[PDB]
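**Q** Questions regarding the structure given below will be posed in turn.
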Amino acid sequence: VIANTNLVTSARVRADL
Amino acid sequence: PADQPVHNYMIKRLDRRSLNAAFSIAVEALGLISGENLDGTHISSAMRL
């Protein structure tokens, strides 16, 4: 997210485990 | 006797020339301008300006 200098002050796959 | 009012005639030719200049755009700053992929925040950012 590109901001200026303005400021405040899933799925089910097959795998092995 | 009187004199008749003479008048002249000439044929001039167009001499043709041409001048030309050119510039160039970078490939890096190319996709930032045209491409409509930039959805929400990259249309009004600083880099595009």
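The way I read the labels, and the way they are meant: chains A, B, ... in the order of the structure tokens, residue 1 as the first residue of every chain, and ligand 1 as the first ligand shown, with later ones counted on from there.
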Quick one: contact table of chain B to chain A, 8 Å max, nearest atom pair and distance in Å to one decimal per residue, counting only C-alpha atoms, chain and number order, as JSON lines?
**A**
```
{"residue": "B:41", "atom": "CA", "partner": "A:2", "partner_atom": "CA", "distance": 6.6}
{"residue": "B:42", "atom": "CA", "partner": "A:2", "partner_atom": "CA", "distance": 7.2}
{"residue": "B:45", "atom": "CA", "partner": "A:2", "partner_atom": "CA", "distance": 7.0}
{"residue": "B:46", "atom": "CA", "partner": "A:4", "partner_atom": "CA", "distance": 7.5}
```
**Q** Would you put the residues from that selection into a file with C-alpha atoms, as a compact mmCIF listing (two decimals), in the first residue's frame?
**A**
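Wrote result.txt, looks like this:
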```
# COMPACT_ATOMS: atom_id res chain seq x y z
CA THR B 41 -3.91 3.34 -4.71
CA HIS B 42 -1.49 3.29 -7.66
CA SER B 45 0.28 7.89 -6.24
CA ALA B 46 3.43 10.00 -6.42
```
**Q** Quick one: pull the distance between CA of residue 40 (chain B) and CA of residue 26 (chain B), Å, one decimal.
**A** 24.1 Å
**Q** For the atom pair CA of residue 37 (chain B) and CA of residue 25 (chain B), what is the interatomic distance in Å to one decimal place?
**A**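 Value for the CA of residue 37 (chain B)-CA of residue 25 (chain B) distance: 19.8 Å.
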**Q** Using CA of residue 33 (chain B) and CA of residue 20 (chain B) as the two end points, give the distance in Å to one decimal.
**A**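 CA of residue 20 (chain B) lies 25.8 Å from CA of residue 33 (chain B).
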